[PDB]
>>> print(open('final_37.cif').read())   # mmCIF, N, CA and C atoms and all ligand atoms
data_run
#
loop_
_atom_site.label_atom_id
_atom_site.label_comp_id
_atom_site.auth_asym_id
_atom_site.auth_seq_id
_atom_site.Cartn_x
_atom_site.Cartn_y
_atom_site.Cartn_z
N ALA H 1 -12.19 28.58 -24.61
CA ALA H 1 -11.06 28.21 -23.78
C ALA H 1 -9.78 28.23 -24.63
N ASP H 2 -9.98 28.39 -25.93
CA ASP H 2 -8.86 28.42 -26.86
C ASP H 2 -8.54 26.99 -27.31
N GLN H 3 -8.62 26.07 -26.36
CA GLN H 3 -8.34 24.68 -26.65
C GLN H 3 -9.33 23.77 -25.90
N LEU H 4 -10.55 24.28 -25.75
CA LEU H 4 -11.58 23.53 -25.07
C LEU H 4 -10.98 22.83 -23.85
N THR H 5 -9.93 23.44 -23.31
CA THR H 5 -9.26 22.89 -22.15
C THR H 5 -10.13 23.05 -20.90
N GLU H 6 -10.93 24.11 -20.91
CA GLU H 6 -11.81 24.39 -19.79
C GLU H 6 -12.86 23.28 -19.65
N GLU H 7 -13.65 23.12 -20.70
CA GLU H 7 -14.69 22.11 -20.70
C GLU H 7 -14.09 20.73 -20.43
N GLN H 8 -12.90 20.52 -20.98
CA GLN H 8 -12.21 19.26 -20.81
C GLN H 8 -11.75 19.10 -19.36
N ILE H 9 -10.93 20.04 -18.92
CA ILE H 9 -10.42 20.02 -17.56
C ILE H 9 -11.56 19.69 -16.59
N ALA H 10 -12.71 20.30 -16.86
CA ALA H 10 -13.87 20.09 -16.02
C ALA H 10 -14.09 18.59 -15.82
N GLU H 11 -14.26 17.89 -16.94
CA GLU H 11 -14.47 16.46 -16.90
C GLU H 11 -13.18 15.74 -16.49
N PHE H 12 -12.08 16.17 -17.10
CA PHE H 12 -10.79 15.58 -16.81
C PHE H 12 -10.51 15.58 -15.30
N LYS H 13 -11.11 16.54 -14.62
CA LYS H 13 -10.94 16.66 -13.18
C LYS H 13 -11.59 15.45 -12.50
N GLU H 14 -12.86 15.25 -12.80
CA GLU H 14 -13.60 14.14 -12.22
C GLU H 14 -13.12 12.82 -12.82
N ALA H 15 -12.78 12.88 -14.09
CA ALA H 15 -12.30 11.69 -14.79
C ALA H 15 -10.96 11.26 -14.21
N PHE H 16 -10.08 12.24 -14.04
CA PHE H 16 -8.76 11.97 -13.49
C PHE H 16 -8.83 10.91 -12.39
N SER H 17 -9.88 11.00 -11.59
CA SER H 17 -10.07 10.06 -10.50
C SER H 17 -9.96 8.62 -11.02
N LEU H 18 -10.67 8.37 -12.11
CA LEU H 18 -10.66 7.05 -12.72
C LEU H 18 -9.29 6.80 -13.36
N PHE H 19 -8.95 7.66 -14.31
CA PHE H 19 -7.68 7.54 -15.00
C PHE H 19 -6.55 7.21 -14.03
N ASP H 20 -6.67 7.76 -12.83
CA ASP H 20 -5.66 7.53 -11.80
C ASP H 20 -6.04 6.29 -10.99
N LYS H 21 -5.55 5.15 -11.46
CA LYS H 21 -5.83 3.89 -10.80
C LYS H 21 -5.02 3.80 -9.51
N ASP H 22 -3.71 3.89 -9.66
CA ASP H 22 -2.81 3.83 -8.52
C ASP H 22 -3.21 4.91 -7.51
N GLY H 23 -3.38 6.12 -8.01
CA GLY H 23 -3.76 7.23 -7.17
C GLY H 23 -2.53 7.95 -6.61
N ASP H 24 -1.55 8.13 -7.49
CA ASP H 24 -0.32 8.79 -7.10
C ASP H 24 -0.17 10.10 -7.89
N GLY H 25 -1.26 10.47 -8.54
CA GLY H 25 -1.27 11.69 -9.33
C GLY H 25 -0.72 11.44 -10.74
N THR H 26 -0.09 10.28 -10.89
CA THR H 26 0.48 9.91 -12.18
C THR H 26 -0.30 8.75 -12.79
N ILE H 27 -0.45 8.81 -14.11
CA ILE H 27 -1.17 7.77 -14.83
C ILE H 27 -0.16 6.86 -15.54
N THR H 28 0.04 5.69 -14.96
CA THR H 28 0.96 4.72 -15.53
C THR H 28 0.34 4.03 -16.74
N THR H 29 1.21 3.60 -17.65
CA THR H 29 0.75 2.93 -18.86
C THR H 29 -0.44 2.02 -18.55
N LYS H 30 -0.35 1.35 -17.41
CA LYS H 30 -1.41 0.45 -16.99
C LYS H 30 -2.69 1.26 -16.72
N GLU H 31 -2.53 2.30 -15.91
CA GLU H 31 -3.65 3.15 -15.57
C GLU H 31 -4.40 3.58 -16.83
N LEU H 32 -3.63 3.77 -17.90
CA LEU H 32 -4.20 4.18 -19.17
C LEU H 32 -4.99 3.02 -19.77
N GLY H 33 -4.30 1.90 -19.93
CA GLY H 33 -4.92 0.71 -20.49
C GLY H 33 -6.07 0.23 -19.61
N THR H 34 -6.03 0.65 -18.35
CA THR H 34 -7.05 0.26 -17.40
C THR H 34 -8.39 0.91 -17.77
N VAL H 35 -8.35 2.22 -17.92
CA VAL H 35 -9.55 2.97 -18.27
C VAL H 35 -10.12 2.42 -19.58
N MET H 36 -9.27 2.37 -20.58
CA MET H 36 -9.67 1.87 -21.89
C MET H 36 -10.56 0.63 -21.75
N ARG H 37 -10.14 -0.26 -20.86
CA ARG H 37 -10.88 -1.48 -20.63
C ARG H 37 -12.31 -1.16 -20.17
N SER H 38 -12.40 -0.21 -19.26
CA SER H 38 -13.70 0.20 -18.73
C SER H 38 -14.63 0.57 -19.89
N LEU H 39 -14.03 0.85 -21.03
CA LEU H 39 -14.79 1.22 -22.21
C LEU H 39 -15.15 -0.04 -22.99
N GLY H 40 -15.03 -1.17 -22.32
CA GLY H 40 -15.34 -2.45 -22.94
C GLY H 40 -14.11 -3.03 -23.64
N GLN H 41 -13.39 -2.16 -24.32
CA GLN H 41 -12.19 -2.57 -25.04
C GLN H 41 -11.28 -3.39 -24.13
N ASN H 42 -10.18 -3.84 -24.70
CA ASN H 42 -9.22 -4.64 -23.95
C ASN H 42 -7.83 -4.49 -24.59
N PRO H 43 -7.30 -3.24 -24.53
CA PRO H 43 -5.99 -2.95 -25.09
C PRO H 43 -4.88 -3.50 -24.19
N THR H 44 -3.67 -3.49 -24.73
CA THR H 44 -2.52 -3.98 -24.00
C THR H 44 -1.57 -2.83 -23.66
N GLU H 45 -0.98 -2.92 -22.48
CA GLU H 45 -0.05 -1.90 -22.03
C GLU H 45 1.06 -1.70 -23.05
N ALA H 46 1.24 -2.71 -23.89
CA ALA H 46 2.27 -2.66 -24.92
C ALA H 46 1.94 -1.55 -25.91
N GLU H 47 0.78 -1.69 -26.55
CA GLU H 47 0.33 -0.71 -27.52
C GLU H 47 0.26 0.68 -26.87
N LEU H 48 -0.19 0.70 -25.63
CA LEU H 48 -0.31 1.94 -24.89
C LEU H 48 1.08 2.47 -24.55
N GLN H 49 2.03 1.54 -24.50
CA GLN H 49 3.41 1.90 -24.18
C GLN H 49 3.94 2.91 -25.20
N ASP H 50 3.50 2.74 -26.44
CA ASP H 50 3.92 3.63 -27.51
C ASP H 50 3.25 4.99 -27.33
N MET H 51 2.03 4.95 -26.82
CA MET H 51 1.28 6.17 -26.59
C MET H 51 1.86 6.98 -25.43
N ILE H 52 1.94 6.32 -24.28
CA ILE H 52 2.48 6.96 -23.09
C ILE H 52 3.80 7.65 -23.44
N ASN H 53 4.64 6.91 -24.15
CA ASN H 53 5.94 7.44 -24.55
C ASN H 53 5.73 8.64 -25.47
N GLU H 54 4.67 8.57 -26.25
CA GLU H 54 4.35 9.65 -27.18
C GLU H 54 3.88 10.89 -26.41
N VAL H 55 2.80 10.71 -25.66
CA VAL H 55 2.24 11.80 -24.87
C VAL H 55 3.31 12.31 -23.90
N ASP H 56 3.93 11.38 -23.21
CA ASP H 56 4.97 11.72 -22.25
C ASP H 56 5.89 12.78 -22.86
N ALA H 57 5.77 13.99 -22.34
CA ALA H 57 6.58 15.10 -22.83
C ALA H 57 7.81 15.25 -21.93
N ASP H 58 7.54 15.45 -20.64
CA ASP H 58 8.61 15.61 -19.67
C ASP H 58 9.75 14.64 -20.01
N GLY H 59 9.37 13.47 -20.49
CA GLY H 59 10.34 12.45 -20.84
C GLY H 59 10.59 11.49 -19.68
N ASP H 60 10.11 10.27 -19.85
CA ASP H 60 10.27 9.25 -18.83
C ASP H 60 9.55 7.97 -19.27
N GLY H 61 8.30 8.14 -19.68
CA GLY H 61 7.50 7.02 -20.13
C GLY H 61 6.25 6.85 -19.26
N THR H 62 5.60 7.98 -19.01
CA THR H 62 4.39 7.97 -18.20
C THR H 62 3.48 9.14 -18.58
N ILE H 63 2.25 9.07 -18.11
CA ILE H 63 1.28 10.12 -18.40
C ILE H 63 1.05 10.96 -17.14
N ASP H 64 0.21 11.97 -17.29
CA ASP H 64 -0.10 12.85 -16.17
C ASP H 64 -1.32 13.70 -16.53
N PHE H 65 -1.74 14.51 -15.56
CA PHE H 65 -2.89 15.37 -15.76
C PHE H 65 -2.68 16.29 -16.96
N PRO H 66 -1.51 16.98 -16.97
CA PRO H 66 -1.17 17.89 -18.05
C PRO H 66 -0.77 17.12 -19.31
N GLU H 67 -0.14 15.98 -19.09
CA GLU H 67 0.30 15.14 -20.20
C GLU H 67 -0.91 14.57 -20.95
N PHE H 68 -1.71 13.81 -20.22
CA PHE H 68 -2.90 13.21 -20.80
C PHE H 68 -3.75 14.25 -21.51
N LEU H 69 -3.95 15.38 -20.84
CA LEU H 69 -4.74 16.46 -21.40
C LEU H 69 -4.36 16.66 -22.87
N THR H 70 -3.06 16.66 -23.12
CA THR H 70 -2.56 16.84 -24.47
C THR H 70 -2.99 15.67 -25.36
N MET H 71 -2.81 14.47 -24.83
CA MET H 71 -3.18 13.27 -25.56
C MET H 71 -4.61 13.36 -26.08
N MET H 72 -5.54 13.51 -25.14
CA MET H 72 -6.95 13.61 -25.49
C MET H 72 -7.18 14.73 -26.50
N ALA H 73 -6.73 15.92 -26.13
CA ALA H 73 -6.89 17.08 -26.99
C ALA H 73 -6.35 16.75 -28.39
N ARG H 74 -5.08 16.39 -28.42
CA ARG H 74 -4.43 16.05 -29.68
C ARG H 74 -5.14 14.86 -30.34
N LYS H 75 -5.87 14.12 -29.51
CA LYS H 75 -6.60 12.96 -30.00
C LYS H 75 -7.55 13.39 -31.12
N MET H 76 -8.42 14.33 -30.79
CA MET H 76 -9.38 14.84 -31.75
C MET H 76 -8.67 15.49 -32.94
N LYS H 77 -7.47 15.98 -32.68
CA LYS H 77 -6.68 16.63 -33.71
C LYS H 77 -6.40 15.63 -34.84
N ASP H 78 -5.82 14.50 -34.45
CA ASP H 78 -5.50 13.46 -35.41
C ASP H 78 -6.73 13.14 -36.25
N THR H 79 -7.78 12.72 -35.57
CA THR H 79 -9.03 12.38 -36.23
C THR H 79 -9.53 13.57 -37.05
CA CA D 101 5.51 10.99 -18.01
#
>>> encode(input="final_37.cif", output="structure tokens")
Amino acid sequence: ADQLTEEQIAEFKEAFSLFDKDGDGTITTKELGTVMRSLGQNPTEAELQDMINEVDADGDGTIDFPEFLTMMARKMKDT
């Protein structure tokens, strides 16, 4: 896929459902911290605030399908 975007999108598609708490197609800082919790963890929208702002490319302070995709992808990059 060049960026394992295919295999990812696949899951990201079904996952998006979860990631999208509000269900407005947009993943709010909360929506992000929400999922994380489902992973047992218990992060704060604050810490995630720095992330959302980071991932947020369009510029505003929120995530999205294409936005998050980058986050996750770039996630493995960092590591
Ligand atoms: Ca955004």
>>> closest_residue(input="final_37.cif", among="H:26, H:5, H:49, H:42", to="ligand CA 101 (chain D)", atoms="all atoms listed in the file")
H:26
>>> closest_residue(input="final_37.cif", among="H:35, H:76, H:63, H:69", to="residue 9 of chain H", atoms="only N, CA and C atoms")
H:69
>>> atom_distance(input="final_37.cif", atom1="atom CA of residue 2 of chain H", atom2="atom CA of residue 33 of chain H")
28.7 Å
>>> select_by_dssp(input="final_37.cif", residues="chain H", states="helix (DSSP H, G or I)", output="PyMOL selection string")
chain H and resi 5-19+29-38+45-55+65-78
>>> atom_distance(input="final_37.cif", atom1="atom CA of residue 54 of chain H", atom2="atom CA of residue 71 of chain H")
8.5 Å
>>> closest_residue(input="final_37.cif", among="H:46, H:73, H:10, H:27", to="ligand CA 101 (chain D)", atoms="only C-alpha atoms and all ligand atoms")
H:27
>>> closest_residue(input="final_37.cif", among="H:79, H:25, H:65, H:74", to="residue 12 of chain H", atoms="only C-alpha atoms")
H:65
>>> residues_near_ligand(input="final_37.cif", ligand="ligand CA 101 (chain D)", cutoff="8 Å", atoms="only N, CA and C atoms and all ligand atoms", output="ChimeraX atom specification")
/H:26-27,52-53,55-64,67
>>> residues_around(input="final_37.cif", residues="residue 21 of chain H", least_positions_apart="2", cutoff="8 Å", atoms="all atoms listed in the file", output="list in words")
residues 16, 17, 18, 19, 23, 24, 25, 26, 27, 28, 30, 31, 32, 34 and 35 of chain H
>>> atom_distance(input="final_37.cif", atom1="atom CA of residue 3 of chain H", atom2="atom N of residue 78 of chain H")
13.1 Å
>>> decode(input="final_37.cif", residues="segment 16-74 of chain H", atoms="C-alpha atoms", output="PDB file, in the first residue's frame")
ATOM      1  CA  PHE H  16     -13.577   4.767  12.960  1.00  0.00           C
ATOM      2  CA  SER H  17     -16.973   3.781  14.309  1.00  0.00           C
ATOM      3  CA  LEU H  18     -15.514   3.623  17.798  1.00  0.00           C
ATOM      4  CA  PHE H  19     -13.053   6.475  17.423  1.00  0.00           C
ATOM      5  CA  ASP H  20     -16.085   8.502  16.413  1.00  0.00           C
ATOM      6  CA  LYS H  21     -17.887   8.883  19.719  1.00  0.00           C
ATOM      7  CA  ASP H  22     -19.988  11.901  18.823  1.00  0.00           C
ATOM      8  CA  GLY H  23     -20.579  10.470  15.370  1.00  0.00           C
ATOM      9  CA  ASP H  24     -20.146  13.652  13.366  1.00  0.00           C
ATOM     10  CA  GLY H  25     -17.359  12.258  11.219  1.00  0.00           C
ATOM     11  CA  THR H  26     -14.918  14.225  13.340  1.00  0.00           C
ATOM     12  CA  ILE H  27     -12.889  12.886  16.241  1.00  0.00           C
ATOM     13  CA  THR H  28     -12.805  15.434  19.038  1.00  0.00           C
ATOM     14  CA  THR H  29      -9.976  15.461  21.553  1.00  0.00           C
ATOM     15  CA  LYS H  30     -12.446  13.700  23.817  1.00  0.00           C
ATOM     16  CA  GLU H  31     -13.318  11.101  21.207  1.00  0.00           C
ATOM     17  CA  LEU H  32      -9.605  10.369  21.119  1.00  0.00           C
ATOM     18  CA  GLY H  33      -9.126  10.159  24.868  1.00  0.00           C
ATOM     19  CA  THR H  34     -12.331   8.147  24.894  1.00  0.00           C
ATOM     20  CA  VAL H  35     -10.984   5.268  22.839  1.00  0.00           C
ATOM     21  CA  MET H  36      -7.713   5.275  24.742  1.00  0.00           C
ATOM     22  CA  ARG H  37      -9.749   4.584  27.857  1.00  0.00           C
ATOM     23  CA  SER H  38     -11.333   1.573  26.199  1.00  0.00           C
ATOM     24  CA  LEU H  39      -7.767   0.305  26.166  1.00  0.00           C
ATOM     25  CA  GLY H  40      -7.908   0.302  29.948  1.00  0.00           C
ATOM     26  CA  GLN H  41      -5.751   3.409  30.095  1.00  0.00           C
ATOM     27  CA  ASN H  42      -7.150   6.667  31.420  1.00  0.00           C
ATOM     28  CA  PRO H  43      -5.525   9.593  29.600  1.00  0.00           C
ATOM     29  CA  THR H  44      -6.665  13.194  29.851  1.00  0.00           C
ATOM     30  CA  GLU H  45      -8.011  15.346  27.044  1.00  0.00           C
ATOM     31  CA  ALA H  46      -5.269  17.724  28.114  1.00  0.00           C
ATOM     32  CA  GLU H  47      -2.382  15.497  27.099  1.00  0.00           C
ATOM     33  CA  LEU H  48      -4.369  14.494  24.038  1.00  0.00           C
ATOM     34  CA  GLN H  49      -4.907  18.183  23.388  1.00  0.00           C
ATOM     35  CA  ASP H  50      -1.257  18.405  22.414  1.00  0.00           C
ATOM     36  CA  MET H  51      -1.694  15.421  20.127  1.00  0.00           C
ATOM     37  CA  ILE H  52      -4.872  16.527  18.394  1.00  0.00           C
ATOM     38  CA  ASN H  53      -3.193  19.865  17.786  1.00  0.00           C
ATOM     39  CA  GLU H  54      -0.209  17.939  16.478  1.00  0.00           C
ATOM     40  CA  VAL H  55      -2.059  15.566  14.182  1.00  0.00           C
ATOM     41  CA  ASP H  56      -4.515  18.297  13.265  1.00  0.00           C
ATOM     42  CA  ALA H  57      -3.119  19.392   9.921  1.00  0.00           C
ATOM     43  CA  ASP H  58      -5.986  21.353   8.417  1.00  0.00           C
ATOM     44  CA  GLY H  59      -5.483  23.516  11.483  1.00  0.00           C
ATOM     45  CA  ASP H  60      -8.171  23.936  14.113  1.00  0.00           C
ATOM     46  CA  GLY H  61      -7.525  21.519  16.954  1.00  0.00           C
ATOM     47  CA  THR H  62      -9.323  18.318  16.032  1.00  0.00           C
ATOM     48  CA  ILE H  63      -8.780  14.922  14.453  1.00  0.00           C
ATOM     49  CA  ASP H  64     -10.391  13.179  11.504  1.00  0.00           C
ATOM     50  CA  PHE H  65     -10.347  10.050   9.374  1.00  0.00           C
ATOM     51  CA  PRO H  66      -7.478  11.354   7.235  1.00  0.00           C
ATOM     52  CA  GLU H  67      -5.942  13.195  10.164  1.00  0.00           C
ATOM     53  CA  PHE H  68      -5.930  10.313  12.619  1.00  0.00           C
ATOM     54  CA  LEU H  69      -4.695   8.008   9.882  1.00  0.00           C
ATOM     55  CA  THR H  70      -1.524  10.074   9.911  1.00  0.00           C
ATOM     56  CA  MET H  71      -1.296   9.982  13.688  1.00  0.00           C
ATOM     57  CA  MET H  72      -1.445   6.205  13.878  1.00  0.00           C
ATOM     58  CA  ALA H  73       0.799   5.734  10.867  1.00  0.00           C
ATOM     59  CA  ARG H  74       3.291   8.287  12.130  1.00  0.00           C
TER      60      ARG H  74
END
